Amino acid sequence: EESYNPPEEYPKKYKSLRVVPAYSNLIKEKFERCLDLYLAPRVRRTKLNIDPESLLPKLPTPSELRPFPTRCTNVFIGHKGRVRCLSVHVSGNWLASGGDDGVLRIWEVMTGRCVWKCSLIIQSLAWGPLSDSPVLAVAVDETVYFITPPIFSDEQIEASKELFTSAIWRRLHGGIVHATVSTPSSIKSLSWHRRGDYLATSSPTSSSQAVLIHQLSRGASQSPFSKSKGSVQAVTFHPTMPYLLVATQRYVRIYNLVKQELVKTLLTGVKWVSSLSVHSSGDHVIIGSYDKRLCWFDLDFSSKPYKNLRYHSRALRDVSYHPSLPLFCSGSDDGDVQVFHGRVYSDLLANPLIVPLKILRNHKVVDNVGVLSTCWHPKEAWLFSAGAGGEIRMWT
Amino acid sequence: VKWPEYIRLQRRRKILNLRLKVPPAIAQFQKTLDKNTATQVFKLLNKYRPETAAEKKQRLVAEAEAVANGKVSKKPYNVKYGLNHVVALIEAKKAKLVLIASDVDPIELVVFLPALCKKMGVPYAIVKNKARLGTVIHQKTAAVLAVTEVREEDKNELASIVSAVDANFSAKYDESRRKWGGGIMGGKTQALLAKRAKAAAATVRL
Amino acid sequence: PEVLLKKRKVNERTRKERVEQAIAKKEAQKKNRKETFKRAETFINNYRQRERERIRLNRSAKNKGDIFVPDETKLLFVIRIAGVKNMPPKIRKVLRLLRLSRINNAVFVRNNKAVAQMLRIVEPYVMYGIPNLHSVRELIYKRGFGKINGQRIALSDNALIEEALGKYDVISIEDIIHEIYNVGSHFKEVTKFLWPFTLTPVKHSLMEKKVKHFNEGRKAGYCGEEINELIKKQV
Amino acid sequence: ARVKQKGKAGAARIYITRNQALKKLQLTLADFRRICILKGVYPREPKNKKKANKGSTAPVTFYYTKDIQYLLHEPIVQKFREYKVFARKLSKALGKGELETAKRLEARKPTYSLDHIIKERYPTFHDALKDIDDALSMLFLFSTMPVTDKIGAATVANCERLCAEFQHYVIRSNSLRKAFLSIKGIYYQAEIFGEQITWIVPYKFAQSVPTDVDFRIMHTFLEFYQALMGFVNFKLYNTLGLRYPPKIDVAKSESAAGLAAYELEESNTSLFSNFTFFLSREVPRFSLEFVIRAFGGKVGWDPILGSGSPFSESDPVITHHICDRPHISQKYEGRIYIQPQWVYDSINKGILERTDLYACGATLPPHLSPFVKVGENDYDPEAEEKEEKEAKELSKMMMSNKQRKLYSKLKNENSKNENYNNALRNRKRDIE
RNA sequence: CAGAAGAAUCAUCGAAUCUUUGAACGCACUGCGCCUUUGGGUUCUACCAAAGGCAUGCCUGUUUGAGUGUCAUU
RNA sequence: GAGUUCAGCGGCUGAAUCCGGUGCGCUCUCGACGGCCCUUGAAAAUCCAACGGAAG
RNA sequence: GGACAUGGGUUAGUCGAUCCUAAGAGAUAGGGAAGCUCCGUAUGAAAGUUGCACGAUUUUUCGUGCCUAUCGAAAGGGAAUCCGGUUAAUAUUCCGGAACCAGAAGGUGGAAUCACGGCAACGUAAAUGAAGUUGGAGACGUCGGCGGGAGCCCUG
């Protein structure tokens, strides 16, 4: 429908048929048709019978399953640098955060106050599993401090003391220092045992002694591996029976310390592994990777990841699963956080139902770094997100 | 470089016929009629080509139809060809102009023709390639052609061609055809042969 | 059944590179074939031809101031078939006046005494006859070129004709055809606008390509109605 | 058993390259292409090009080995070799100065008939009628081009005859359905034996050859189509009972009578049946005569457009006088003066159109292409967000091959065109 | 002997069949190939089978070539 | 679940088929050396890799 | 009776041959010889099974570029199978169970837009490579002692 006077678009408009010229390209188009007839290869297909691609998607039904961490309403500010790591207490009322500034800030979740402003770089920080012993292990370079803030009840400080009262051990605005542990390498990730008697420290720089196990009952440290192969990126403890999970650069390894043996080596198939999270049931693992990929591992499915997810535009930094609610989060340097719902069914036939729930946005990105760490609330579907600008977003 | 055997034979025969001493009866065929006169020769010869096999049958069937319905001509004029026929014409002193091909393969087929043509008093010329003569007579090759009679229109043309051959082929060469041919050597060949000759003559006489 | 025509396996990059090197070879050969030799016969042959023309021109002019001037028509088609090196100046000018400055040039002429005497002067070089409606139509419709601002422009559209000839009520190719075939008031202006056609002989047969001095057997003189066949072999 | 050598079967054995096809047939590229034009042969790309190329990776065109083996026993190939022999005998005849024998050789020049090529390419007439449109497009394109040293005068004459015969059949059988006018030319759409035929006829103008197209390729396509059209026209004329070929009036052709020269002597199709149109000297008679006579309308035309006019200028029987010139000095009465677009709009819509709107000097209603069908939403010239995003970013999140990606082109291009031509009506209304 | 009922272990003989070899001829001496065409099967770009082909010297012709062999060509 | 050996029954049913220690031991093979060489110690089929950057 | 008579008996994608080459033999090219025949084995051979690639088709008569025998080993080299059971006579072959190799196409999932990490040696589920140019395995004497393992022997 292109002619002398078409209303479709305005080729050229001609006031009359007589003024219409002769198309000088007609022979060229006909010649191109000849060449296409006997030179253009002909491929035969199934003609893609009329089928809108909207039939390919299945039904996630988010309106039913919607523990929505809706838009953030509480913003915590005051940190002058990137919040490298943050953690929430077992009670869920205290959120301790830290970063390269070396300033440790404890925030009250319900009010948003920064009551504990004592500063005391911060690699990571993790609370103890015992409520009566709220000891926070904070890693600074090669030193880890077991700090028990006086904000808690007085008796809890004494309860945390008796837990302990390779790596060398040593025993201020309320600077209640209890135990300082120094390691040859700069520890990257920290993990706590279920009973609080064991501390796992992982460092990527070291090869022989990348991971160290610290027992508070004997007050000593040791290397769980006689011969460690490959760099170690993160470490954690199984939340159901005592396995130790080593997240290397490429693989995720399960080791039983009781037998001192290897259990399963999960092949992420990824250039670089960033961080890992474990479902409370212990048979599902979520892996964040530098390849902008999220890998869901089902220990009862296969060594290979059960599913692969590659929406992030930048490297996936942190992944965390909510301890009670069937939700998990993934924060990357792109400034956007992906919130997914993972429903785990104990039945063999029922495979886990993993569907997206929300894509949180409006987070500042500084020096190609956006979201650094994310934490789940111990009680409800509330998310603490740490940005590179010192902003902590509470996604209720 | 590795030439094929037949290509090597071809080029060696070319050089060998040059280095050797060619007798005067065989060396006179190295000196052919010039390019201008040969063009004028073949202009006259192409007005007397023998009629083609189709054109002859075309004429004969034309006369056959006339008698088939119901029912004196002129003597045909053309060029005379064929070695035995032409030699018989020269000895009969009937040929006016004999044109000998310069590369008849067994050369002795035509080696006596320049002498026989000069003995009988016939103007003759040696022209290039056996194929040019063959083309005139609708053949692949003619060892020799001859002209005995031409129409009164072309009597003056033939008298001019005969004079040109006399001036450019017989008056020319002449002494050059009485000399042994060959012995021609390259630019550097004599110097190489002189070194070889003096080396051989020194003590290599066995 | 889903057959798709993929991109051609022609490699357009190397194709146009091969186009350019072939063109560069043509320019190389064109600048290479220079200064052929001239034998003595060709010089005499020209002189005999020039004397042949001089006698012809004198005999046509002296005591022969007449022309048979074909009738029952007003439009004639004149094609310059042959040319001779170093024409006599009188012949050179008449060909220039009739706009036959190059060989195979064809021009419409109004049949009258003035064009007839000029054609008689230049008779051995031009083949002329009476075009019909069919010959006039296809010649303009397939080889008509106009004088737009003094360059040779194809008559692809009627807008240019209307722009350059609107004062004489000439708007279309068909209007041009009607004016030419009827010899109207603006016939002189239309012929002025029209470029002379270039009816070069066509060599399609293998025999045509090989034979020398091929000019389709273009005879000279007034060919009458046969020129329609000659145009038909061309357009 | 034996160890099977790698790449001795499968795609490596089924597909053959172009060069290997050349050496197999002992053909040259120009002759291999020419036989590929006449036959139905074309490149075929395999799924695994590297495997089919014996492990190599150079970009190489592929053909079926079975397709090539079918060309080993082609009688046309021996005709290509016979032409090479004849061309050399002609060369020897002329080079030896034998003009008459050259003429005899030219008379007995080896020619080949494309009978079995058409049969083996199109088994049934309806198969030919399907891919007949490309042939008709080319024969009409080359029926108006000037003669070249590449394409002969006989070929041009045959193209005109075959095109005119087909136009005569369509007019006689009233098989024409739609005629559309575009800048490229005139698109005709007819139906024969149920099949649909669509071709293009350009406007007659003194164009120039682009000089970038290879006319050797055009020669073989013209040769193939002319044989195809000849046999198609023979059957169509036999179907109508008309003797084939129709006789040619030499005098009428000499006077440029067009279709009137060929007389078909016997061995909403009536949209304009009760009408006598007249043609002025500013309109495409080669197109208007075709459509009007195809739909029953009688035609008279200006004498300068061609002899054999049944009507004159002064004949009062003229119902309509088509004239695209903006000025008519000798205006008639009862012969209402319209523009050419009136006729073709009537053809497309199958109804009589508004002569007042199409009268001389009036505005021109927009041209409608009958080939364009109404789209799903394209403009014809005549709480939820959370569920939506969840249902839209799960296939790009979870689905394996992400074949849903095709929406990025199917919906995107259609929506952009729909948005443009839907907002166009808003702009034009605002301008009004 | 048994069994069968134009017979016949008949004659004549002009039509046919004629396995592997052998001058022995695709290559070898249980095998190993290539080329053209056709066909099959729980079944098809795979596999299989069938048919017709492929020795050497030379002669006549045909086509395609090679040659710094002999020339012609404004 | 096979085999072997014991018990039975009328094919069937029971059990066991285990834990060691070893040696200039014999046989075979592999690894790491040390000599003597001299004449410094078969070939090919076959498979793999590197340099290279044509093409998209 | 290993005699005679009558019947029965040898089952393989994985074991051998088949494929490769060895010393040598040997047809072909050419040359001898009256001759049955002999010499000769890349030799003054036009020594290429479709030697290979390139091209909008090149005056619809093909141009450009590149690279330039066979036999002879059932002990040498070499893709791949074990266990249990079964016969009057056959078993890595048959039966039952369990594997392996080679080649062939599509399909499904995964991977890169010609992939990353580690100072490095190098690693990984992937990670195109034409012409042309190389490298490695095959593939390499013999003797002595030591170390390792298996089976067998000894024995609680």
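Along the chain as shown, residues are numbered 1 onward.
Recorded method is electron microscopy, 3.2 Å.
Just so you know, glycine gets a Cβ as well, placed from its N, Cα and C.
What Swiss-Prot lists as repeat 'WD 1' is A:78-117.
Residue counts for the repeat 'WD 2' (A:182-224) by DSSP state, with H, G and I taken as helix and E and B as strand, are 0 helix, 18 strand, 25 coil. Here Swiss-Prot flags A:182-224 as repeat 'WD 2'.
Long-range neighbours of the repeat 'WD 3' (A:227-265) within the same chain, counting only residues 6 or more positions beyond its ends whose Cβ lies under 8 Å from a Cβ of the stretch, are 188-189, 191-194, 198, 200-204, 206-211, 213, 271-282, 285, 287, 297, 299, 303. Among the features that Swiss-Prot reports, repeat 'WD 3' is placed at A:227-265.
Nonlocal intrachain contacts for the repeat 'WD 4' (A:268-307), taken as residues 6+ away from its ends with a CB within less than 8 angstroms of a stretch CB, comprise 189, 233-234, 236, 238-241, 243, 245, 247-252, 254, 313-321, 323-324, 328, 330, 332, 338, 342, 344, 346, 351-352, 354. Under the heading repeat 'WD 4', Swiss-Prot lists A:268-307.
Helix, strand and coil counts from DSSP across the repeat 'WD 5' (A:311-350) read 0 helix, 19 strand, 21 coil. Here Swiss-Prot flags A:311-350 as repeat 'WD 5'.
Long-range contacts of the repeat 'WD 6' (A:366-396) within the same chain: residues 67-92, 95, 97, 99, 107, 109, 112, 314, 317-325, 327-337, 339, 360, each at least 6 residues beyond the stretch ends and with a Cβ under 8 Å from a Cβ of the stretch. Residues annotated as repeat 'WD 6' in Swiss-Prot: A:366-396.
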What does the DSSP secondary structure composition of the repeat 'WD 1' (A:78-117) look like, as residue counts for helix, strand and coil?
0 helix, 14 strand, 26 coil
Per DSSP, how many helix, strand and coil residues does the repeat 'WD 6' (A:366-396) have?
0 helix, 17 strand, 14 coil
